[PDB]
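See below for work.txt, which holds compact mmCIF, C-alpha atoms.
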# COMPACT_ATOMS: atom_id res chain seq x y z
CA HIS M 873 -95.07 44.31 -13.93
CA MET M 874 -91.56 44.43 -15.39
CA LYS M 875 -91.60 40.73 -16.19
CA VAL M 876 -94.26 40.95 -18.89
CA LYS M 877 -92.82 44.33 -19.83
CA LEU M 878 -89.31 43.07 -20.61
CA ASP M 879 -90.78 40.17 -22.55
CA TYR M 880 -88.99 40.24 -25.91
CA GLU M 881 -86.19 39.04 -28.20
CA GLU M 882 -82.67 39.65 -27.02
CA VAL M 883 -79.54 40.51 -28.99
CA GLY M 884 -77.96 41.80 -25.73
CA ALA M 885 -77.02 38.21 -24.88
CA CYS M 886 -75.35 38.82 -21.52
CA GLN M 887 -72.96 36.32 -19.97
CA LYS M 888 -73.19 35.96 -16.19
CA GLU M 889 -69.79 37.62 -15.69
CA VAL M 890 -71.01 40.78 -17.39
CA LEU M 891 -74.20 40.64 -15.31
CA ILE M 892 -72.10 40.76 -12.13
CA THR M 893 -69.72 43.51 -13.25
CA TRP M 894 -72.62 45.80 -14.11
CA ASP M 895 -74.27 44.89 -10.83
CA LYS M 896 -71.13 46.03 -9.06
CA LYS M 897 -70.76 49.31 -10.95
CA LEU M 898 -74.42 50.30 -10.60
CA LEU M 899 -74.07 49.93 -6.83
CA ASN M 900 -70.48 51.17 -6.33
CA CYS M 901 -72.19 54.37 -5.26
CA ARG M 902 -74.48 56.12 -7.71
CA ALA M 903 -73.99 59.87 -7.47
CA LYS M 904 -70.24 59.87 -8.12
CA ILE M 905 -68.56 61.64 -11.04
CA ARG M 906 -67.53 60.51 -14.54
CA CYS M 907 -66.81 56.85 -13.84
CA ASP M 908 -64.23 56.14 -16.55
CA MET M 909 -65.82 56.27 -20.01
CA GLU M 910 -63.95 53.42 -21.65
CA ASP M 911 -65.23 50.97 -19.04
CA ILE M 912 -68.87 51.85 -19.28
CA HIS M 913 -68.31 52.02 -23.02
CA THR M 914 -66.65 48.60 -23.12
CA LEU M 915 -69.16 47.17 -20.62
CA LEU M 916 -71.99 48.48 -22.80
CA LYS M 917 -70.09 46.68 -25.56
CA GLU M 918 -69.73 43.30 -23.90
CA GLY M 919 -73.42 43.26 -23.01
CA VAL M 920 -76.30 44.90 -21.14
CA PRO M 921 -78.71 42.63 -19.20
CA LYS M 922 -82.36 43.35 -19.96
CA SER M 923 -83.21 43.07 -16.26
CA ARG M 924 -80.91 45.98 -15.41
CA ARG M 925 -80.98 47.75 -18.76
CA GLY M 926 -83.53 50.00 -17.12
CA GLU M 927 -81.21 51.26 -14.41
CA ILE M 928 -78.20 51.39 -16.70
CA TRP M 929 -79.83 53.84 -19.09
CA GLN M 930 -80.79 56.17 -16.25
CA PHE M 931 -77.26 55.75 -14.87
CA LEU M 932 -75.65 56.60 -18.22
CA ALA M 933 -77.89 59.62 -18.33
CA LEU M 934 -76.64 60.68 -14.91
CA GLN M 935 -73.02 60.52 -16.06
CA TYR M 936 -73.70 62.43 -19.26
CA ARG M 937 -75.55 64.83 -16.94
CA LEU M 938 -72.37 65.65 -14.93
CA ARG M 939 -70.04 65.51 -17.91
CA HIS M 940 -72.14 68.17 -19.62
CA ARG M 941 -75.08 70.34 -18.38
CA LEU M 942 -77.71 72.25 -20.37
CA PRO M 943 -77.67 76.10 -20.68
CA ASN M 944 -80.80 76.94 -18.60
CA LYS M 945 -82.28 78.58 -21.71
CA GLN M 946 -82.92 75.43 -23.72
CA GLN M 947 -83.67 73.78 -20.37
CA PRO M 948 -87.23 72.36 -20.17
CA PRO M 949 -89.64 74.50 -18.19
CA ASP M 950 -90.02 73.65 -14.50
CA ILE M 951 -93.23 71.67 -13.91
CA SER M 952 -93.86 68.40 -12.03
CA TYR M 953 -94.79 65.35 -14.12
CA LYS M 954 -97.88 65.02 -11.93
CA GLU M 955 -98.82 68.68 -12.16
CA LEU M 956 -98.06 68.43 -15.89
CA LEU M 957 -100.90 65.95 -16.31
CA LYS M 958 -103.41 68.21 -14.59
CA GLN M 959 -103.84 70.26 -17.76
CA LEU M 960 -105.72 69.38 -20.92
CA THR M 961 -103.70 68.38 -23.98
CA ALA M 962 -104.48 69.76 -27.42
CA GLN M 963 -103.16 66.57 -29.01
CA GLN M 964 -105.71 64.14 -27.50
CA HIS M 965 -107.26 62.78 -30.69
CA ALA M 966 -103.91 62.29 -32.33
CA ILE M 967 -102.39 60.70 -29.19
CA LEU M 968 -105.21 58.25 -28.50
CA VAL M 969 -105.59 57.15 -32.09
CA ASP M 970 -101.90 56.16 -31.94
CA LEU M 971 -101.92 54.26 -28.64
CA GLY M 972 -103.05 51.10 -30.37
CA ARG M 973 -100.53 51.37 -33.21
CA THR M 974 -97.42 51.61 -31.01
CA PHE M 975 -95.93 48.19 -30.22
CA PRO M 976 -99.38 46.57 -30.71
CA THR M 977 -98.28 42.95 -30.62
CA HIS M 978 -96.53 43.59 -27.33
CA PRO M 979 -98.33 42.14 -24.30
CA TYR M 980 -98.11 45.29 -22.21
CA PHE M 981 -99.41 47.56 -25.00
CA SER M 982 -101.83 45.00 -26.44
CA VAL M 983 -104.90 45.36 -24.21
CA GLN M 984 -107.30 48.00 -25.50
CA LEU M 985 -106.87 51.15 -23.41
CA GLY M 986 -105.22 49.05 -20.71
CA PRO M 987 -102.57 50.02 -18.11
CA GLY M 988 -99.86 50.08 -20.74
CA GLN M 989 -101.70 52.12 -23.33
CA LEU M 990 -102.64 54.25 -20.35
CA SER M 991 -99.13 55.11 -19.20
CA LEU M 992 -97.94 55.51 -22.78
CA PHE M 993 -100.73 58.08 -23.05
CA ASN M 994 -99.82 60.10 -19.95
CA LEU M 995 -96.18 60.23 -21.16
CA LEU M 996 -97.14 61.39 -24.62
CA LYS M 997 -99.78 63.67 -23.07
CA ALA M 998 -97.54 65.34 -20.53
CA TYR M 999 -94.62 65.81 -22.91
CA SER M 1000 -97.09 67.34 -25.36
CA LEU M 1001 -97.80 70.02 -22.77
CA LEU M 1002 -94.29 70.67 -21.53
CA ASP M 1003 -92.57 70.87 -24.92
CA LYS M 1004 -95.49 72.81 -26.44
CA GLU M 1005 -93.48 73.64 -29.58
CA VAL M 1006 -93.23 69.98 -30.55
CA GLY M 1007 -96.44 68.99 -28.85
CA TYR M 1008 -97.06 65.54 -30.24
CA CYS M 1009 -95.55 63.87 -33.25
CA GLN M 1010 -96.31 60.44 -34.64
CA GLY M 1011 -93.41 58.36 -33.27
CA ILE M 1012 -92.19 60.15 -30.16
CA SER M 1013 -94.48 57.47 -28.63
CA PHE M 1014 -92.16 54.55 -29.76
CA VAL M 1015 -89.44 56.39 -27.97
CA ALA M 1016 -91.62 56.94 -24.94
CA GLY M 1017 -92.76 53.35 -25.33
CA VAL M 1018 -89.37 51.68 -25.33
CA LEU M 1019 -88.65 53.76 -22.22
CA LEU M 1020 -91.87 52.86 -20.47
CA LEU M 1021 -90.94 49.26 -21.16
CA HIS M 1022 -87.85 49.36 -18.94
CA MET M 1023 -88.92 51.59 -16.03
CA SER M 1024 -91.65 53.24 -13.94
CA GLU M 1025 -93.96 55.66 -15.75
CA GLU M 1026 -92.48 58.54 -13.78
CA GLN M 1027 -88.87 57.47 -14.31
CA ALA M 1028 -89.57 57.09 -18.00
CA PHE M 1029 -90.88 60.63 -18.23
CA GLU M 1030 -87.57 61.65 -16.74
CA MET M 1031 -85.41 59.91 -19.35
CA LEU M 1032 -87.77 61.02 -22.06
CA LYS M 1033 -87.06 64.62 -21.04
CA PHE M 1034 -83.36 63.93 -21.02
CA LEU M 1035 -83.36 62.14 -24.36
CA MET M 1036 -85.47 64.86 -25.98
CA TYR M 1037 -83.85 67.92 -24.38
CA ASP M 1038 -80.45 67.12 -22.85
CA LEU M 1039 -79.36 64.73 -25.58
CA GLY M 1040 -81.21 67.12 -27.81
CA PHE M 1041 -83.55 64.85 -29.81
CA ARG M 1042 -86.66 67.02 -29.68
CA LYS M 1043 -84.96 68.77 -32.59
CA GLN M 1044 -85.98 66.54 -35.52
CA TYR M 1045 -89.51 66.42 -34.21
CA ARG M 1046 -90.02 70.15 -34.56
CA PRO M 1047 -92.78 71.29 -37.06
CA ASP M 1048 -90.63 73.12 -39.62
CA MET M 1049 -88.83 69.78 -40.31
CA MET M 1050 -85.70 71.85 -40.84
CA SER M 1051 -83.47 69.73 -38.66
CA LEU M 1052 -84.82 66.54 -40.25
CA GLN M 1053 -83.94 67.74 -43.74
CA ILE M 1054 -80.36 68.29 -42.58
CA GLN M 1055 -79.96 64.97 -40.77
CA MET M 1056 -81.11 63.51 -44.07
CA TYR M 1057 -78.46 65.34 -46.12
CA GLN M 1058 -75.87 64.32 -43.54
CA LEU M 1059 -76.77 60.67 -44.05
CA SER M 1060 -76.54 61.30 -47.76
CA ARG M 1061 -73.11 62.88 -47.59
CA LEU M 1062 -72.05 60.20 -45.13
CA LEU M 1063 -72.82 57.40 -47.57
CA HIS M 1064 -70.97 59.24 -50.31
CA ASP M 1065 -67.79 59.68 -48.24
CA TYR M 1066 -67.59 55.98 -47.32
CA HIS M 1067 -69.81 53.87 -49.54
CA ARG M 1068 -69.53 55.64 -52.88
CA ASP M 1069 -70.75 52.84 -55.16
CA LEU M 1070 -73.77 52.41 -52.89
CA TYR M 1071 -74.35 56.15 -52.90
CA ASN M 1072 -74.05 56.43 -56.67
CA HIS M 1073 -76.44 53.55 -57.20
CA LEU M 1074 -78.98 55.35 -55.02
CA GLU M 1075 -78.28 58.76 -56.57
CA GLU M 1076 -78.75 57.35 -60.06
CA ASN M 1077 -82.22 55.99 -59.27
CA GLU M 1078 -83.08 59.21 -57.44
CA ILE M 1079 -83.52 57.53 -54.05
CA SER M 1080 -83.30 60.27 -51.43
CA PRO M 1081 -82.71 59.32 -47.76
CA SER M 1082 -86.10 60.90 -46.99
CA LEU M 1083 -87.79 57.96 -48.69
CA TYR M 1084 -86.23 55.33 -46.46
CA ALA M 1085 -84.69 56.86 -43.35
CA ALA M 1086 -87.14 59.43 -42.01
CA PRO M 1087 -88.87 56.54 -40.20
CA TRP M 1088 -85.55 55.24 -38.90
CA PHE M 1089 -84.74 58.62 -37.36
CA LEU M 1090 -88.17 59.66 -36.16
CA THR M 1091 -88.83 56.38 -34.42
CA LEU M 1092 -85.25 55.49 -33.69
CA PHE M 1093 -85.73 52.23 -35.62
CA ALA M 1094 -88.57 51.08 -33.35
CA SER M 1095 -91.27 51.45 -36.01
CA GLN M 1096 -89.55 48.78 -38.12
CA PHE M 1097 -87.01 46.68 -36.23
CA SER M 1098 -86.88 44.11 -33.45
CA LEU M 1099 -87.46 45.66 -29.99
CA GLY M 1100 -84.45 43.78 -28.69
CA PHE M 1101 -82.50 45.47 -31.46
CA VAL M 1102 -84.06 48.80 -30.70
CA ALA M 1103 -83.15 48.15 -27.07
CA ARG M 1104 -79.46 47.88 -27.97
CA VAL M 1105 -79.46 50.89 -30.21
CA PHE M 1106 -80.80 52.58 -27.09
CA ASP M 1107 -77.87 51.38 -24.96
CA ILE M 1108 -75.56 53.40 -27.18
CA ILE M 1109 -78.08 56.23 -27.56
CA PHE M 1110 -77.64 56.81 -23.84
CA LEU M 1111 -73.90 56.78 -24.24
CA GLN M 1112 -72.68 58.38 -27.41
CA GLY M 1113 -75.66 60.58 -28.44
CA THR M 1114 -77.59 62.28 -31.35
CA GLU M 1115 -75.61 60.19 -33.84
CA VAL M 1116 -75.65 56.55 -32.91
CA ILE M 1117 -78.56 56.92 -35.33
CA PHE M 1118 -76.28 57.63 -38.29
CA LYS M 1119 -73.87 54.88 -37.22
CA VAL M 1120 -76.71 52.37 -37.23
CA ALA M 1121 -78.23 53.61 -40.49
CA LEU M 1122 -74.85 53.67 -42.12
CA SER M 1123 -73.77 50.31 -40.74
CA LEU M 1124 -77.12 48.76 -41.60
CA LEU M 1125 -77.23 50.05 -45.18
CA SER M 1126 -73.81 48.59 -45.88
CA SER M 1127 -74.59 45.50 -43.88
CA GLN M 1128 -76.83 44.10 -46.57
CA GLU M 1129 -75.70 46.64 -49.24
CA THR M 1130 -74.39 43.61 -51.09
CA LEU M 1131 -78.00 43.36 -51.96
CA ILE M 1132 -79.73 46.55 -53.05
CA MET M 1133 -77.43 46.66 -56.06
CA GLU M 1134 -79.21 43.72 -57.79
CA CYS M 1135 -82.43 45.74 -57.80
CA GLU M 1136 -82.73 48.35 -60.58
CA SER M 1137 -86.14 50.02 -60.18
CA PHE M 1138 -87.10 52.06 -57.13
CA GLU M 1139 -90.08 49.74 -56.76
CA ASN M 1140 -87.67 46.79 -56.45
CA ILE M 1141 -84.98 48.64 -54.50
CA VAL M 1142 -87.23 50.66 -52.18
CA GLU M 1143 -89.51 47.72 -51.30
CA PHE M 1144 -86.35 45.85 -50.27
CA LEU M 1145 -84.74 48.50 -48.04
CA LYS M 1146 -88.01 49.29 -46.31
CA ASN M 1147 -89.73 45.92 -46.12
CA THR M 1148 -86.85 43.44 -46.33
CA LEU M 1149 -83.73 45.09 -44.89
CA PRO M 1150 -85.34 45.16 -41.41
CA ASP M 1151 -86.25 41.47 -41.27
CA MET M 1152 -82.82 40.33 -40.17
CA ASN M 1153 -81.89 37.27 -38.10
CA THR M 1154 -79.95 37.70 -34.85
CA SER M 1155 -76.68 36.69 -36.53
CA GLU M 1156 -76.91 39.72 -38.82
CA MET M 1157 -78.03 41.94 -35.96
CA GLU M 1158 -75.41 40.72 -33.52
CA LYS M 1159 -72.87 42.14 -35.95
CA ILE M 1160 -74.47 45.40 -37.07
CA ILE M 1161 -74.91 46.34 -33.42
CA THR M 1162 -71.24 45.76 -32.69
CA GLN M 1163 -70.10 47.41 -35.94
CA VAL M 1164 -71.84 50.55 -34.77
CA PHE M 1165 -70.00 50.26 -31.47
CA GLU M 1166 -66.57 50.35 -33.06
CA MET M 1167 -67.64 52.25 -36.12
CA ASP M 1168 -65.69 55.44 -36.23
CA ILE M 1169 -66.14 58.77 -37.87
Conversion result in structure tokens:
Amino acid sequence: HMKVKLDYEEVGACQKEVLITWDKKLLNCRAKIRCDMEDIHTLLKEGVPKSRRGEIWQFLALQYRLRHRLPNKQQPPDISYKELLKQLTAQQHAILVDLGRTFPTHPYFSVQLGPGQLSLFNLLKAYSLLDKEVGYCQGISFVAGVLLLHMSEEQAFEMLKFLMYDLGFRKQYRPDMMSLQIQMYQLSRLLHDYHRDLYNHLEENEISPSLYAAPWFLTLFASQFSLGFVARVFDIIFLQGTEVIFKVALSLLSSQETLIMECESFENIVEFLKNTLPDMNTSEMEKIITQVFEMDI
């Protein structure tokens, strides 16, 4: 279906040249070894075509998969996607009742219990079984959604596993919320060490990251921002890792940070960062994306 699938905004904004280069790389043999980082990094920087963005991500994954390897202990049990779906999931209710809410205005996922909602269910179902500890959490679907949107159901389950396990994302989604509390603090400390004034203004009005970033993290910005935007953030998620999140959050806060300031009450501030800050216009996104690219820590 791809066509209707990849039907969305853009941000990527590829120029033919870039489209060719990528085309070359992705075919210059596929099971090689660490093609030079700076190129894929720069390529990723100059632009990723939505038509191939599907392959690219998987590709990137491959590389990271050679340049790293998981310790067989934290490795995800060995079970076929197919044979993973042959069991019953404890999280039915919860999964179903969320199928409609994930990317609802999107063609693919619009139709009531249609093909889209269907696949998005299997993914969420299956993963619920495999990673039994995490099971199903409100959001992991946006992840699984965005993935489903750029590749076969089966392929998507593959990346999902990678993302969650390899690139270690399944962390935050664990039940004790212990890792989430720490990612939060880290974003807090991060603001402080770079955007003091902005940090102080938020610390004064007792605005803890948890009030405005949990969503960002848990849905990787999908639950609030443009898919096309979320699609870029994903390009670097497949490259750099469990942190592009911070870079984005950081970058984004200080992108329009010229504006919280004005607001004095949480009600005014909060309702701006959560309901206004995300309604950007390409021009402001084109930059924040790139700033995250060359944003260094």
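For residue 892 (chain M), the residues within 12 Å (counting only C-alpha atoms, excluding itself and residues fewer than 4 positions away along the chain) are residues 886, 887, 888, 896, 897, 898, 899, 915, 919, 920, 921 and 924 of chain M.
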- Message: Would you pick out the contacts of residue 938 (chain M) at 10 Å or less, using all atoms listed in the file, so that residues sharing its chain but fewer than 2 positions from it are not included, and give the list as a PyMOL selection string?
- Response: chain M and resi 903-906+933-936+940-941
File dump, residues just selected, C-alpha atoms, as a tab-separated table (two decimals), in the coordinates of the input:
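In the end it all went to part12.tsv:
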chain	number	residue	atom	x	y	z
M	903	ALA	CA	-73.99	59.87	-7.47
M	904	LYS	CA	-70.24	59.87	-8.12
M	905	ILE	CA	-68.56	61.64	-11.04
M	906	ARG	CA	-67.53	60.51	-14.54
M	933	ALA	CA	-77.89	59.62	-18.33
M	934	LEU	CA	-76.64	60.68	-14.91
M	935	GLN	CA	-73.02	60.52	-16.06
M	936	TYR	CA	-73.70	62.43	-19.26
M	940	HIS	CA	-72.14	68.17	-19.62
M	941	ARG	CA	-75.08	70.34	-18.38
- Query: Restricting the calculation to only C-alpha atoms, which member of M:1005, M:1168, M:1069, M:1139 is positioned closest to residue 1118 (chain M)?
  - Reply: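 The closest residue to residue 1118 (chain M) is M:1168.
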- Message: Set the distance at 9 Å and use only C-alpha atoms: which residues neighbour residue 1108 (chain M) once local chain neighbours fewer than 6 positions away are removed? I'd like the list as a count of residues only.
- Response: 6
- Query: Which polymer residues have any atom within 6 Å of an atom of residue 1097 (chain M), counting all atoms listed in the file, with same-chain residues fewer than 3 positions away left out, as a ChimeraX atom specification?
  - Reply: /M:1093-1094,1150
- Task: Write out as number ranges by chain which residues come within 10 Å of residue 875 (chain M) when counting only C-alpha atoms, dropping same-chain ones fewer than 3 positions away.
- Result: M: 878-879, 923, 980, 1021-1022
- Task: Take CA of residue 930 (chain M) and CA of residue 1031 (chain M) and report the distance between them in Å, one decimal.
- Result: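 Rounded to one decimal, the two atoms are 6.7 Å apart.
With distances restricted to all atoms listed in the file, M:1070 is the closest residue to residue 1133 (chain M) from M:1145, M:1023, M:1070, M:1092.
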- Query: Of the residues M:961, M:1009, M:1148, M:968, which is the one nearest to residue 989 (chain M), using all atoms listed in the file?
  - Reply: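 Going through M:961, M:1009, M:1148, M:968 one by one, the smallest distance to residue 989 (chain M) is for M:968.
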- Expected residue set, 8 Å radius at (-79.3, 46.0, -36.2), all atoms listed in the file, as a ChimeraX atom specification: /M:1097,1101-1102,1105,1120,1124,1152,1156-1161
- Query: Of the candidates M:1082, M:900, M:1027, M:1112, which one gets nearest to residue 1052 (chain M) if we count only C-alpha atoms?
  - Reply: M:1082
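Using only C-alpha atoms, the shortest contact distance between residue 1115 (chain M) and any of M:1049, M:1169, M:1086, M:1063 is found at M:1169.
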